[PDB]
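A look at the structure
Listed below, chain by chain, are the residues.
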Amino acid sequence: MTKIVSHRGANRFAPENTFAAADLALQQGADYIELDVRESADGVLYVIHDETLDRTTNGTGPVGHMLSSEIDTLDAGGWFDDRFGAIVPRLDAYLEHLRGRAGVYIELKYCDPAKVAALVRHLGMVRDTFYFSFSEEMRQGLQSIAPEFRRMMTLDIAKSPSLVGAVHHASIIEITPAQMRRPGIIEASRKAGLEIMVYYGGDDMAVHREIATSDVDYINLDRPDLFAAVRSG
Amino acid sequence: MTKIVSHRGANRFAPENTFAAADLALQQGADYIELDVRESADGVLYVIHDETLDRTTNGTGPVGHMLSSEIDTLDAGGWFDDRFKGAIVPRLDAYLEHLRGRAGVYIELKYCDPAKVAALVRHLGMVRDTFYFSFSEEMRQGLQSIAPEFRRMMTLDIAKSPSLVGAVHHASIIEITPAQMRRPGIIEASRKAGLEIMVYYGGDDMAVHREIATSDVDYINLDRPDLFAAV
Amino acid sequence: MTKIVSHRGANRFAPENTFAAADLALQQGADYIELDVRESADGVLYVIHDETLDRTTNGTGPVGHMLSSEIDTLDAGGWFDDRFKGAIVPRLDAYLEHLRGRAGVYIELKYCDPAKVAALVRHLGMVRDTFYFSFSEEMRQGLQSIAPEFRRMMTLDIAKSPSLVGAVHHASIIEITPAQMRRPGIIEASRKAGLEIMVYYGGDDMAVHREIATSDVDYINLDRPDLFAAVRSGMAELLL
Amino acid sequence: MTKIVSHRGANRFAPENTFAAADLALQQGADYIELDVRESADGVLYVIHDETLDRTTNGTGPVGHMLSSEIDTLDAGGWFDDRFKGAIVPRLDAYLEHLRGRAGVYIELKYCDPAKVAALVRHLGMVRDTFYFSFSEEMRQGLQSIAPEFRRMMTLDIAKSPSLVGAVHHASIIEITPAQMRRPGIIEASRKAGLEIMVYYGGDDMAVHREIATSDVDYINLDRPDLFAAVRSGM
Amino acid sequence: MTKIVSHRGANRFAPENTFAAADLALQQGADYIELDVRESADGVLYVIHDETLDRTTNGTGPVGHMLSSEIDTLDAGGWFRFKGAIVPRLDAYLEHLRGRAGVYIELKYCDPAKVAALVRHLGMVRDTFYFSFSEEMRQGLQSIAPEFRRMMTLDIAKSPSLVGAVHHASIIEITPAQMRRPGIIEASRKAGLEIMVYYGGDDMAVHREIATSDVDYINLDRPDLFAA
Amino acid sequence: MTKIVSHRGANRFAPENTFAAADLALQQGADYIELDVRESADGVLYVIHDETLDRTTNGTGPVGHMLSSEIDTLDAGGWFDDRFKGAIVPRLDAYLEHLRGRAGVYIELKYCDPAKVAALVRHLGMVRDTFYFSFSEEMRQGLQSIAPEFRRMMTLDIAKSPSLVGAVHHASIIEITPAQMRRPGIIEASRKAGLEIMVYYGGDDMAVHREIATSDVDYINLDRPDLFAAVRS
């Protein structure tokens, strides 16, 4: 049965990357929660997609340039609705809060891979966690510090299912719906012994079904509720 | 339920690292089969333990100095029982193709070329059902560089602590002696670490076998598949 | 005398990267066959240049997304000429075996598993007569830690300086444009560095071929073995 | 002015590797404190020398097979004296925080997770006033790839030459025996390489201490802070 | 106290990357002399910024394609009282500066092994730090000389806590705008980093700002002003 | 034909690793000169085998602990014979300078800075005419990381199989013993692996010399060039 990976939490009904967005996703049936990591000017791990506070908080400028004390005081939920001054979660709490409740797909944006390794190791969440990053710097870093961690590569970058493990040292391959459909793509990913996650952040119930129907291990989506119902069938 | 890992195949009643010994262990309920691998003078991958041929074949000297053509000649069963005269020193090549689909494989690199092992396993598509280890640092470094994604294991005697099996030795699997399986905190520390757990037994004591089947262990490295299957 | 490196076979008279373009190249006096490698969806090493099958086959899309079983189906000659209707997309497998004992091979990795390439060559015993290159930094580093000892080359365009081919790029062979060949100190620096020199041309100006054949150059990476071979035979006589 | 490095603390008057030993050393004049890092079965960084609890605690067996829960239960002081019956096995956690701002710290990894150490140190902002070493190659290489910016030392016995401390061992500090210190070439060669100089001793000969203080050395890896402390003052 | 790093000498008063621009700046109170290094076709280190000879020489083309011999010929003073000024070999330039100042070496494109050997030989490790916009040059030197001092700009590291943890540098460089921002210097100090500020701006009003700030180095293009 | 590798120089007629012992070797027709490098306390690369200055000089103590200034002033010939009174321990600097153009150089690192070696050989343009080795894994890993290009040898004793001389020890040259040279499959395997072959002897049983010279061997690591040389003529 395909597991649900919630892309930045219950994105459509709660401020992305918030305990609320996260808690909501767990309610709608998400099996995993995806988050994005960044580091404050003073070395603290936070959950936030953008490089700057602007788009999703009461603050502005590079998160890398701000100290945590200030960051910990920003509003990260009012921009969505007044019903939400949610905090820019610290990977510290955000993870401890998720531990035991779900798996976490951690995507490094820019931070210290060592701190991530040390933390995940401290919490004992190695098995139930997997990594990725568009930053080559981050991948190599995490690849050198934590080879044993589960990581994933996109077919888009790997060029071939056979190279996801061989070249990108990953055990999970992310493919689009178009790639999911191509006959050999799944058989190949399977020959390579990869878990398979398909990315789709839309509303087409049909697409959700077709995925819940295919030989796929995960779905990285922006609407867990929909896929959860389709999985109901 | 604990999975069975046949150490050198059912060697108590068959020649170790032989198709016979392996098919035997397989028939006695083995879930995985463990191999020993070395490379010939001319780069061929063989399933043999000792560095030399003397002990388990009718040949002599270092395996690294004999051509594959001469090796495929030797008898790898005679020394054991007369009932084993044909017994060849299997080629990792053919040995894995055979097991491919009948069981899992635990490949211990004695001394060879990691690249050829990774090329081989990736071609047979046996990445998910195999794991590695070596007492040679050189071999582990090579394999670690060539195939980080590969599942591997470290023993507790080397890692010093379960918290270091993955963190320091990049292992996903931890192997422990039955004694260590007894220490209350060891199995728990390993689970905290998220490692798979395997115990090396291969004894006669059917009680220990039942004790391990009882504990929260994932695999049991064995010399007597027969016994454990019953339990 | 200068050695000839056939750029993806005698491509001007045969479908590039094809057993046909290669045999032609051999018959025409080439000492090395240059070939491009990519990997199928299921990990089979193939000889083909483009990322997609569209141009040199009757198939379409990325090769990385198609299973070798269907790939072996395609026709890699038909597009060049009716004479080549059933040319297959060579499996590095067969190709290298067919070339072993017949020529040297210059293997350019486009995108594939370095481990498989190194493993295959070590098995055929072809490490002395093959050299590598790749435009993909990822492929280069992969092969650099997997096969530090293989023979490799770097372009001056990338190395910036002959002295950096081996120093920074770990290569023992430098590739140069005809223009850089003419620069007085380039061939000399490369010589001080202990590098083998290769000039990439592949045009059809007889003058250039004769010039190159006349310079202090070890190899000529070209598109027309027929031309350079003539010029070279001419040199051979004088050599007598 | 030669700075003093207290090897496992004032181990000559207090149970080694305990806060008691650390504060005592601080008082005898210590500039730096030396620890040894091990790791519990569940990944908690502890300050204890031996691979086994036996010799310096009321616990027995490998430190790596025991959960922090039980370790935090041991008596790392009683064996030394009744005055210290209380003593606990210091978690690198708190031990470091307690020293931060009060003294420099020489961290010697026995066997543990380099990553856990590098993260802890960065989080505590103690990068600068701290330096590392280890006799485990596995440990040094682990730390070398994870934290190459850290300050670290190499013993001459291993580096063979002073010009190889940095070039081959990537170290910034060279440890020298009082003997090797005497050779006029050793010290000058070290300085040429831009190295810091530390002399390991831990002996009680006021004779030696005087000489070391005499020499052109930066640190002295001591076992008797009081002795050299007195000698330094006089100068 | 804040030290002065001369961005390839007093490039404003004398031909950049020259013994002249080095002496002048050194005389004006400069503490360090920043220099740009490239390698000739026959492998000789040379101080010159651009990849091509043109801009600051009577010779043309890439430096990488010219033999040291012919390069030694060129005059890198003309284009600026100076005329016979030569393109300095890192050999002489480094020996010439030893004992008189620190040296900030910025690798443009060359062999890190040659640089490390040279600096190790000359006993100049402690008084020198590195950088390079080239990932290749940085990884090369990082693997060859982990111990050398190096800097990463905040522009690239994104966070002060990442200058050492990710780019393995002990020196962080920043702009004045960044210098002005509160918690930046603070975070930089927590990471135990040395702080350098780039500013080739004559606004003597900012030179005053920097001076009063908690900086360690000032990589200026006009030493004189800051010296005042 | 077989190239001659003068192991430490003409051993029975001139103090090992000396200018005198090298020039003498060249006369007996040596093609290559094997050296042993060690670094002086102050960073100078010298040519000397032992870790200490005892056995081969009038000085004493580990070479690494003595400054170059001093070492330069020592006597490396008197120990051998009054004839070589004054022989100096050769800096790899001038020793390579002196050999460039007249011989191949087998540079065996004992314990020094691989970068210093690397830079030197690069500057003197002697990359093609030299190959390397070291029993020290520490030295081998460093040279390997700094100069993968350099040609290097590995003994079959260590590689366990000619097929691993390249694949694992990244070397193109395999040094074997006469004993192994006699074993059938060996030399052939080495050829299948495209390896250059070198045999170590240093003995004086001139029968063997010819056995080696009549074998498919490219190099001979000798103690007596004079002998093998004449067997060559």
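Residues numbered from 1 in each chain as written, not as in the entry; some residues may be left out. Chains lettered and ligands numbered in written order. Heavy atoms only, no water. Residues with missing side-chain atoms left out of burial classes, pairs and counts.

Per the PDB entry, chain E goes by glycerophosphodiester phosphodiesterase and derives from Agrobacterium tumefaciens str..

In the annotation of the PDB entry, chain A is listed under the name glycerophosphodiester phosphodiesterase and assigned to Agrobacterium tumefaciens str..

1. Looking at the overall build of chain E
Helix and strand content of chain E: 10 helices and 9 strands. A globule of 228 residues ought to have a C-alpha radius of gyration of about 17 Å, and chain E, at 17 Å, matches this closely. Principal-axis analysis of the C-alpha atoms gives chain E an extent of 50 × 40 × 30 Å. (Helix = DSSP H or I, 4+ residues; strand = E, 2+ residues; numbered from the N terminus. Rg over C-alpha atoms; globule rule 2.2 N^0.38 Å.)

2. Some words on the overall build of chain A
The secondary structure content of chain A amounts to 11 helices and 9 strands. Here the C-alpha radius of gyration of chain A, 17 Å, is about what a compact globule of 233 residues would show, namely 17 Å. Each of the three principal axes of chain A carries a C-alpha extent, and together these read 50 × 40 × 30 Å.

3. A look at the interface of chain F and chain D
Between chain F and chain D, the contact holds 19 residues from the first and 17 residues from the second. Its residues assigned to classes, the side of chain F that touches chain D comprises 7 nonpolar, 6 polar and 6 charged. (Contact = heavy atoms within 4.5 Å. Nonpolar A, V, L, I, M, F, W, Y, C, P; charged D, E, K, R; others polar.)

4. Topic: the pairing of strand β8 (residues 196-200) of chain F
Walk down a regular strand and you will see the side chains alternate between the two sheet faces. Residue and element names in this part refer to chain F. The sheet contact formed by strand β7 (residues 173-176) and β8 spans 4 bridges and is parallel. In the sheet register, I174 faces β8, and the bridge partner there is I197. Relative to strand β9 (residues 219-222), β8 runs parallel, the two being bridged by 3 bridges. By the bridge assignment, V199 is partnered in β9 with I220. Taken together, β8, helix α10 (residues 206-213) and β9 form a β-α-β motif whose crossover is right-handed. (Pairing = 2+ DSSP bridges. Right-handed = clockwise from strand over helix to strand, strands pointing away.)

5. Some thoughts on the side chain of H209 of chain B
Residue and element names in this part refer to chain B. With respect to the secondary-structure elements, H209 resides in helix α10 (residues 206-214). When its relative accessible area of 1% is taken as the criterion, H209 is described as buried. Ignoring anything within four residues of it in the chain, the contact list for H209 reads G203, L222, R224, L227 and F228. (Buried < 20%, exposed > 50% of the residue type's maximum accessible area, 1.4 Å probe, protein only.)

6. Looking at the interface of chain B and chain F
With 20 residues of chain B at the interface, the matching set in chain F holds 20 residues. In total, chain B and chain F occlude about 1,400 Å² of area from one another, counting both sides; carbon and sulfur atoms represent 51% of this. The largest share of the area that chain B buries against chain F comes from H65, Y111 and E138 of chain B, three residues that together contribute 41% of it. Where chain B packs against chain F, one counts 1 salt bridge. Between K160 of chain F and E51 of chain B there is a salt bridge, with the nearest N and O atoms lying 3.9 Å from each other. In this assembly, chain B and chain F are joined by 7 residue pairs in polar contact. Those elements that provide at least two residues to the side of chain B that touches chain F are α4 (114-124) and α5 (137-146) of chain B. Here the side of chain B that touches chain F is built from residues that sort into 7 nonpolar, 6 polar and 7 charged. (Buried area = accessible area lost by both parts, 1.4 Å probe. Salt bridge = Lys/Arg side-chain N within 4 Å of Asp/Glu carboxyl O. Polar contact = N/O pair within 3.5 Å; in protein donor to acceptor, adjacent residues only side chain to side chain.)

7. Topic: the pattern of salt bridges
Summed over all chains, the structure comprises 100 salt bridges over all chains. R12 of chain A is paired through a salt bridge with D222 of chain A; the nearest N and O atoms lie 3.9 Å apart. Residue classification places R12 of chain A among the partly exposed residues on the basis of a relative accessible area of 48%. One salt-bridge network, held together by shared partners, links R8, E16, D36, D50, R55, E108 and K110 of chain F.

8. A short note on the packing of aromatic side chains
For any pair of aromatic rings, the description rests on two quantities: the centre-to-centre distance and the angle between the ring planes. Here the structure, examined in full by the defined rule, presents 54 aromatic pairs over all chains. Taken together, a centroid distance of 5.6 Å and an interplanar angle of 80 degrees make the contact between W79 of chain D and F80 of chain D edge-to-face. The class of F80 of chain D is partly exposed, set by a relative accessible area of 28%. Three or more aromatic residues joined by ring pairs form one cluster here, namely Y32, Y105, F130 and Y218 of chain A. Over the ring of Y111 of chain B we find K160 of chain F, and its NZ or CZ is 5.7 Å from the ring centre. (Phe/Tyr/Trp six-rings, centres within 6.5 Å; stacked < 30°, edge-to-face > 60°. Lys NZ or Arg CZ within 6 Å of the ring centre and 35° of its normal.)

9. Here we look at a negative patch on the surface
A cluster of acidic residues, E137 of chain B, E137 and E138 of chain D together with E138 of chain F, forms a negative patch on the protein surface. For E137 of chain B, the position within the fold is in helix α5. (Patch = residues over 30% accessible without salt bridge, like charges linked within 9 Å, V, L, I, M, F, W, Y side chains within 5 Å. Areas by Shrake-Rupley, 256 points an atom, 1.4 Å probe, with all protein chains shown as cover. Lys, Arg positive; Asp, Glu negative; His and termini not counted. Charge placed at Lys NZ, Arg CZ, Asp CG, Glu CD.)

10. What to know about the side chain of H207 of chain E
Mapped onto the elements of the fold, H207 of chain E is located in helix α9 (residues 204-212). When near neighbours in sequence (up to four residues on either side) are disregarded, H207 of chain E contacts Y199, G201, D202, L220, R222, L225 and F226 of chain E.

11. What about unusual backbone geometry?
Even without being a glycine, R8 of chain C presents a positive backbone phi close to 45 degrees. Structurally, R8 of chain C can be placed in the loop between β1 (3-6) and α1 (19-27). For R8 of chain C, a relative accessible area of 15% corresponds to the buried category. The backbone of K158 of chain E sits at a positive phi, close to 70 degrees, despite the residue not being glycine. Mapped onto the fold, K158 of chain E is located in the loop between α6 (154-157) and β7 (171-174).

12. Digging into the environment of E211 of chain F
All names here are of chain F. Considering the arrangement of structural elements, one finds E211 in helix α10. Sequence-distant contacts of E211, defined by excluding residues within four places in its chain, comprise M181 and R182. Polar side-chain contacts of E211 include one of 3.2 Å to the side chain of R182.

13. A few points about the nonpolar core
Counting residues in each nonpolar core, the largest one holds 107 residues, and the members touching the most others are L96 of chain B together with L96 and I107 of chain C. The residues contacting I107 of chain C, other than those within four sequence positions of it, are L35, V37, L96, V117, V121, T130, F131, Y132 and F133 of chain C. Of all hydrophobic cores here, the second largest spans 68 residues; its members include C111 of chain A together with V37, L96 and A147 of chain D. (Core = buried A, V, L, I, M, F, W, Y, C linked by side-chain atoms within 4.5 Å.)

14. Details of the environment of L91 of chain A
All names here are of chain A. Among the structural elements, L91 can be located in helix α3 (residues 91-98). Overall, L91 belongs to the buried group, its relative accessible area being 0%. Remark: the alpha-carbon pair of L91 and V120, spanning 29 residues in sequence, is separated by 9.6 Å. With near-sequence residues (within four places) excluded, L91 lies in contact with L35, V37, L45, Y46, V47 and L119.

15. Here we look at the pairing of strand β7 (residues 173-176) of chain B
Residue and element names in this part refer to chain B. By the alternation rule, side chains of β7 split into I173 and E175 and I174 and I176, which are all buried. As judged from the 3 bridges shared by strand β6 (residues 151-155) and β7, these two strands associate in the parallel manner. Across the sheet, the residue bridging to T155 is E175, located in β7. As paired strands, β7 and strand β8 (residues 196-200) are joined by 4 bridges and run parallel to one another. Across the sheet, the residue bridging to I174 is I197, located in β8.

16. Considerations on the packing of helix α1 (residues 19-27) of chain B against helix α3 (residues 92-99) of chain B
Residues and elements named next belong to chain B. Contact geometry of α1 with α3 gives a least axis separation of 12 Å together with a crossing angle of 20 degrees. As far as their axial angle goes, α3 and α1 are roughly parallel. For the element pair α1 and α3, the recorded crossing hand is right-handed. Facing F19, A22 and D23 of α1, the residues of α3 in contact are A94, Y95 and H98. Looking at the contact of α1 with α3, its residues break down into 4 nonpolar, 1 polar and 1 charged. (Axes fitted to C-alpha atoms, helices over the stretch in contact; angles between N-to-C directions. Parallel < 35°, antiparallel > 145°, perpendicular 65-115°, else oblique. Left-handed = near helix turned anticlockwise from the far one by under 90°.)

17. Let's talk about the environment of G43 of chain B
Of note, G43 of chain B is situated in the loop between β2 (32-39) and β3 (45-47). When the C-alpha positions of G43 of chain B and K116 of chain B are compared, they lie 8.8 Å apart, and in sequence the two are 73 residues distant. Beyond its immediate chain neighbours, meaning those up to four positions away, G43 of chain B contacts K116 of chain B, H123 of chain C together with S163 of chain F.

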